[PDB]
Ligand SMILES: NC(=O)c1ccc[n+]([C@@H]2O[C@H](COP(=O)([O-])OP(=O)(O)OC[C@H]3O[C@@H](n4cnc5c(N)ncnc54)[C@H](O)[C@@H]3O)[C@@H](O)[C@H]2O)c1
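Here you get one chain, nothing else, as structure tokens; it is the form deposited without ligand NAD.
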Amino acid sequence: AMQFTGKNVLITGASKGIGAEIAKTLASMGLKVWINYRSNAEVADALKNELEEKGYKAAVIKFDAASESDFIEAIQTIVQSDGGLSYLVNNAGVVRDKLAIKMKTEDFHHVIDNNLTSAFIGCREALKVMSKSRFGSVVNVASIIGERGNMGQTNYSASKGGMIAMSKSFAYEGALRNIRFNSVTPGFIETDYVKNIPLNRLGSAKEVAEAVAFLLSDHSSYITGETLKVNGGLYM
């Protein structure tokens, strides 16, 4: 177990895939995890249950990370239960791949609001809530697409490129008060194209999850404004 001065963590879009592993990983290292879900209570509750059965601390929380007012409410709820919030992971993300010539503005906004605006709101709240205690760490989960572009993903790459850039700006603003901001850019993660990956396999959600954890942990305390690639050598 990595070392955490903080006690709890909010993970957006934590119901499944990468968000679910981040919750597992961080729970296994002694943090109380808050598992944000948007729609399905049963999946999120089953995850919470699974973690409790292993002796870890976990809770579920319903909101839409793209909604300003839902995100503010959800933080107020956490501060009320736990006394504060030390850690945050902006993971909420959707895709809507189309060739640009076919893509409508609505398709572009849809991904921008759900991926970038959501991270802006989360990061803003983190700064509000973590400044009081002069301690925090935030990780934005982004993608290789945000660094290198992709055919059919003008909107995804825009939202991830934006997230990466934005996170650095936050890093500047949280720095004096020891609130760190960093990004992670997964490559191809399980859940053909393996040939272009030097490690010659897909990454697990776990491998991403453990890099997020490092960046939240005290081990990375002189690290802020960095992007950590977790892509098997696909992009260097």
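Residue indices: 1-based, along the sequence shown.
Note that the form deposited with ligand NAD bound isn't included here; everything after this is about it.
The single contact residue among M130, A92, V139, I75, judged by any heavy atom lying within 4.5 Å of ligand NAD in the deposited complex, is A92.
Contact with ligand NAD, judged by heavy atoms within 4.5 Å in the deposited complex, is confined among 122-130, 76-84, 97-105, 139-147 to 139-147.
The closest non-hydrogen atom of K48 lies beyond 4.5 Å of ligand NAD in the deposited complex. In the deposited complex, ligand NAD stays beyond 4.5 Å of every heavy atom belonging to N200. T191 belongs to the set of residues with a heavy atom inside 4.5 Å of ligand NAD in the deposited complex. Among residues of the shown chain, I18 is one whose heavy atoms approach ligand NAD to within 4.5 Å in the deposited complex. If you take 20-37 and check each residue for a heavy atom within 4.5 Å of ligand NAD in the deposited complex, you get just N36.
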